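In structure tokens, the next block holds one chain alone, the form deposited in one PDB entry.
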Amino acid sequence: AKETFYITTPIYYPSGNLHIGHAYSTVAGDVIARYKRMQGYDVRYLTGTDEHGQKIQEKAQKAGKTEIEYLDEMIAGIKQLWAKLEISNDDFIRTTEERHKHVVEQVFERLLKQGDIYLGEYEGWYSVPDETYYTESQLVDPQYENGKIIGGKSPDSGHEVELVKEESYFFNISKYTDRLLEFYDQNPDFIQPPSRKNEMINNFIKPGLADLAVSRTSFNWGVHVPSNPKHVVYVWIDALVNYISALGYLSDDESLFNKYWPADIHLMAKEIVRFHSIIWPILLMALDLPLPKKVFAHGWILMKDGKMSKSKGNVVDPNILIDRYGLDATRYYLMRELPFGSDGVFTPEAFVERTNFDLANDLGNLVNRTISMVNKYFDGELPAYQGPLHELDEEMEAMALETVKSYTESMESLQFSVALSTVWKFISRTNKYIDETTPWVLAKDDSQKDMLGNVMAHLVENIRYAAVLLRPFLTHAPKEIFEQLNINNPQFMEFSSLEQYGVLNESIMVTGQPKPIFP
């Protein structure tokens, strides 16, 4: 059977509209999923929404709507966005669904029964503008009384914090410390790069993992603990178990869970790596479940006032980009312009240049020039590939195969910007081959009709390579390119058809009415 590959995005918090930051993660996961399907894996790709907590209740109440009324509307918009981006997610998990809530309940009750969780009192220091709870050691300008911290200010904003106390269940995560460090040793690529792993260990694990406050009693909008109804399960357990609840864990049908768990890749931005690389494996250990194989963290899309944030309002709406510039342009920009190992600033000027110069100009003109020449010189009948007849062909056919090899290395290491630049080196060289060979000169005399046919064959086969390699990234252009070239054999759209250059060994009738590939 096909080997399974399970990839997840984070579940997003619908306290406001999603922005291109969210689209970046979801498109990234989609490219991985599409690539793995093309490599012959049995893929499951999950995304969804994190719907509980005070902030959601507040948003709903402000809008004059019930919590579920508010959420259903937000979720409809999120699902519409993923459909518009042509995301190939196999499921959409909502934490309000009973399939999820059942797992949250059962996990919590199991940990209580085992004694991993016990009843205590949560204490935190709340800052209104930061919407954050701090520990006493994080406070700046700490005020003391009888050798005990009684007040302070937020380290982020400097706003006066307020002491909050409430009954809360705690999960003793520190018991699992040695097992977690052992796991990191046995799985050296679980967290990357090495600096990030050291970061996790030194900042959080080393000084000692504090007990984790896994319930709250001060609000009602969440999953209630069956054995103690006045407690609601907090973010840690509720959100993290989405990755297993979506697979039917602890349901009447665990077949998806039995197949796909453990996840091959959990994808996220850097700020939630700690939760996925410490809390999540510890929770899984407490449940006697296999751990995920890899946490993949990318950087932030920034604006010129910091990280793009829906609560801040410094946002770019992907719907606006798609509506104005098209889907291929939007997906291309996200994957090409913003490497995962860096934070990058969005600008409209960079978006426009990237999509006009690379898509419409470089690739789009290559296809139109090529088809136009086939129609002009051979009345639409593309001559069959024969061999490397032109002087430049040997080296260019070698470049095609090297392009596939390099691309594969980049894709395997999740260096998508590099994979794309590598494909574009080949596209640009194919345009240069038109200029070098000057087909119009060869079309002057019937003595060169054979060589002209060879040049046309090489342009089309180069285009085919590019189109196949772009199938994980672009959902419209490759299909359109195959349709205009009238390559109908589904096999010639797959990676295996790139092993040996020159598959089109019969003549084909290209389109007589070519049209722009983009937008």
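The term rigid core refers to the most C-alpha atoms you can superpose between the two forms while keeping them within 1.5 Å. One-based numbering along the sequence shown.
As for the form deposited in another entry, it is not shown, yet the points below apply to it.
Per-residue Cα shift between the shown form and the other one after core alignment stays below 2 Å for all of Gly380, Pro388, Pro142, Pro262 except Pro142. Taking 2 Å as the criterion, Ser218 does not count as shifted between the shown form and the other one: its C-alpha moves by less than this amount when the rigid core is aligned.
After superposing the rigid core, the Cα of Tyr126 is displaced by 2 Å or more between the shown form and the other one.
Core-aligned CA deviation for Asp90 between the shown form and the other one: less than 2 Å.
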